[PDB]
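Only one chain comes next, encoded as structure tokens, the form deposited in one PDB entry.
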């Protein structure tokens, strides 16, 4: 199921054209709303008085059809940045005219070209239109991977084509897009229709569009090959690009005329369907994570807040995770109790933050498989989850499990633990205050006792994503700092983004913390080599944790525990995008800060330019103790 549209520049009759397009299998049709050669004059008599009608009637389609089937196209003669003043004026008037007709019709999107470097005045007219009534309509900027000037045949005897590599030059059209959207102040209504040519540029040129709001990909029929049987197909490289674009669920647009005239015209489209059907389905994870892509979430604070029933349900729907815990507990029981002692030596296990019970059951299954004896305490401060636990205890666990409704930092334990087990980690490892909670529980761990997890490490990586930057930006709220949304992290299944350098470790914590002077504050400086031209928008955060020995949990991409669903990445934004050139280093600084009531992070970029210090004094974001 690819969603696809036909691009035409010639529509003799709307009804007949729409029918033909639908019968061929397309979902929509990009077409002119005025005749593309019907140049109009607004200033000079006599032509300005040309009798109407100026175009085709809105009565030719139903409102539903204008609203869902039609994408409008700016006439090709409209040149708001022409060097001829008169042409700039007529063009502005004509641009407003066609855009207003599109809004008049309720069209769901409108196509405008970026076919040259200077589109200042076009951006100004579009921005003016956008601030003329609040509307949901989208503007698709039609921009090529490769500028026409850079793909022309080498047939001009006295102007040869460049044959030397121009690294930044081959990215010029990304610059056209970036300047245009900067001028238009990152309007959410402005997206990319990326046009693909017969020859693809270097990978770095393609990767420049990573993290950009690509809504559509335009495939001219001329880029298709012909297989033995005569049917249009794509080169393996183009197929690679299509697959990458299907992962962004863009809409595909077929432009140009039918050049495989032996075959009919749904053929180009059937090939796309064929590619879509050929790729690996949802591998458990991606099945689960597709709905969450780039969806910003407040990070849970299970200490300060009492988690809802269904939130625990999400935790519990990850068997790979708990069986990692089971294996960690198992190995530990064996290391601690020799075989000769298997009937005399009962180990005291405390689950610290037991929620609805999954670690309790993992502990019990671990002891069985280890053939060792354990006495269990299930500690949980959330009294609503304590209800689930005490029904479990009465119905199933029996006296082997003691449920303790208490904060682990205040509970006066009646004995000491051989093993404390806990799941206090966030997506940034320590951002739920797992260190503070385990510190306060430590006094009741035996002198030789084991904490599972034994340690964890957060990781950071700079990223580019104009899409995510705009999503954060849109999180302004009525009665707070108008910039506070940039001074707080988000849990998000990062999807439309470009990772700019390999993740590097940030903060690490070990338990038990034998050290006589415990300080959980932290100050870390990271240097990220960046080998691309790009724009920095924030830092992705992940974590790894050692449960026991070689049994680990990880959401860091290069060591992601395979098959584990729990924990999306976290995102630290920065207020202002920072331009980064190939070969530069991104230097970021992260602090973990605390007082007796709250812990928080602050962060700052210091190379290649400085940002502001983000979240000073926790003013935008704190984690409650």
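Only the largest set of C-alpha atoms that superpose within 1.5 Å between the two forms is called the rigid core. Residue numbers count along the first chain shown, from 1.
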Inset, instruction - Decide which of the stretches 85-93 and 232-240 has the higher mean C-alpha B-factor, going by the entry. - result: 232-240
Legend entry - Average Cα temperature factor in the PDB entry - higher stretch of 330-338, 176-184: 330-338
Inset, instruction - Check the PDB entry and point out which of 438, 196, 287, 468 has the largest C-alpha temperature factor. - result: 287
Legend entry - Residue with highest C-alpha B-factor in the PDB entry, from 44, 576, 579, 585: 44
Legend entry - Chain-relative CA temperature factor third for residue 64: highest
Legend entry - Among modelled residues of the same chain, the CA temperature factor third for residue 600: lowest
Inset, instruction - Divide the modelled residues of the chain into thirds by Cα B-factor and specify which third, lowest, middle or highest, holds residue 394. - result: highest
Legend entry - CA B-factor ranking of residue 615, expressed as a third of its chain: lowest
Inset, instruction - Sorting the chain's modelled residues by C-alpha B-factor, tell me whether residue 215 ends up in the lowest, middle or highest third. - result: lowest
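Just so you know, the form deposited with a small molecule bound exists too; it's not on screen, but the next bit is about it.
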Legend entry - Contact flag, residue 431 vs the small molecule in the deposited bound form, heavy atom cut 4.5 Å: yes
Legend entry - residue 509, heavy atom within 4.5 angstroms of the small molecule in the deposited bound form: yes
Inset, instruction - Find out whether any non-hydrogen atom of residue 140 is located within 4.5 angstroms of the small molecule in the deposited bound form, and reply yes or no. - result: no
Inset, instruction - Using a 4.5 Å heavy atom cut-off, state whether residue 435 contacts the small molecule in the deposited bound form. - result: yes
Legend entry - Answer option from 110, 542, 469, 268, heavy atom within 4.5 Å of the small molecule in the deposited bound form: 542
Inset, instruction - Name the residue from 600, 26, 34, 568 that puts a heavy atom within 4.5 Å of the small molecule in the deposited bound form. - result: 568
Inset, instruction - Mind telling me which stretch in 423-431, 209-217, 188-196, 248-256 gets its heavy atoms within 4.5 Å of the small molecule in the deposited bound form? - result: 423-431
Inset, instruction - After superposing the two forms on their rigid core, pick out the one entry in 393, 496, 75, 485 with a CA shift of 2 Å or more between this form and the one not shown. - result: 496
Legend entry - C-alpha of residue 212 moved at least 2 Å between this form and the one not shown on rigid core: no
Legend entry - Core-aligned C-alpha movement of residue 222 between this form and the one not shown reaching 2 Å: no
Inset, instruction - Superpose on the rigid core, then tell me if the C-alpha of residue 280 is displaced by 2 angstroms or more between this form and the one not shown. - result: yes
Legend entry - Residue pair residue 423, residue 431 - Cα distance in the deposited bound form, closer or farther (3 Å or more): closer
Inset, instruction - Would you mind telling me if residue 428 and residue 382 are closer or farther apart in the deposited bound form than in the shown form, C-alpha to C-alpha, with a 3 Å or larger change? - result: closer
